[PDB]
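Just one chain follows, in the form solved without the ligand, and it is written as structure tokens.
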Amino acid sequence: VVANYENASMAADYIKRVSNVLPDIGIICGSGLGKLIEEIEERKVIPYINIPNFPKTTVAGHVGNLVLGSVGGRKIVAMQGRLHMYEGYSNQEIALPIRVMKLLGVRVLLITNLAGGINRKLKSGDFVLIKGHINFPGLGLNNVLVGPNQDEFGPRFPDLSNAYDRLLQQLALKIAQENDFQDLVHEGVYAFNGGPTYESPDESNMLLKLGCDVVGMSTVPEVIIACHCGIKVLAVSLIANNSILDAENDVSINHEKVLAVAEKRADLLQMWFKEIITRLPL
């Protein structure tokens, strides 16, 4: 199924007929970082499998719902169970849910992920406001926009120089200062490793040479689809480890260590994003 105007419109029509919520803000939350979704007010939970033209996710399994409702007085739509390109989803499958958000009225997209630290200032448990990226799949002919352009959503050749909204970064930092956790908050450049293997020790050393501050396996495809169709983005990485230190000390990483860091910062990230939602403009 192509992520075109007609197909996105059919999905949006279904959602509107079931939901009654017209959302202004969209959220996509990293693994272990989804507690905010279960606290959306006056919720409507819509399984992906019930929505016309949504991608099939039964091979991977696990949760996959669209959740609509209110947070801090604002109308929102959340993806509960996100689609990652290392699972084998196509460009068209990643793009369709973001384009449905656009047709529903979304103007701002908030994203979190788990990532590895490259910059030597980064510790496990730190947050990084993403200010730009290095897209190795895009340089290598696997950009999420490879294929025909869908003209109704955006231009053939997008400019990504303002993909990460500056004012939203400023608002996130201001709220951290108000609650005295600004010592955990950095800004940086995100490298997209297609995955699913963690970056090797020698790949980590290369990324340091190339000016990368953090590395992960998500987020950039969604940012590009959002920027193409005029949706503003705030993207925040939670740092699971410093891969450069681990390479120097011959120390291993694993998904269990990652999820324990997620549990340690989950409640603070929830509180932070609730206040960002309450206060952001447009």
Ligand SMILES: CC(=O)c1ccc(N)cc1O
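Each residue number is its position in the shown sequence, starting from 1.
The form solved in complex with the ligand is left out here; the points below concern that form.
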- Using a 4.5 Å heavy atom cut-off, state whether residue 217 contacts the ligand in the deposited bound form. yes
- Message: When the contact criterion is heavy atoms within 4.5 Å, does residue 266 count as touching the ligand in the deposited bound form?
- Response: no
- Query: Heavy atoms within 4.5 Å of the ligand in the deposited bound form: does residue 110 have any?
  - Reply: no
- Indicate whether the ligand has at least one heavy atom within 4.5 Å of a heavy atom of residue 258 in the deposited bound form. yes
- Message: Just to confirm the contact call: exactly one of 66-74, 36-44, 223-231, 240-248 touches the ligand in the deposited bound form at a 4.5 Å heavy atom cutoff, so which is it?
- Response: 240-248
- Heavy atom within 4.5 Å of the ligand in the deposited bound form, from candidates 122, 96, 114, 78, belongs to 114
- Message: At 4.5 Å, heavy atom to heavy atom, what parts of 130-146 sit next to the ligand in the deposited bound form? List them in sequence order, or say none.
- Response: none
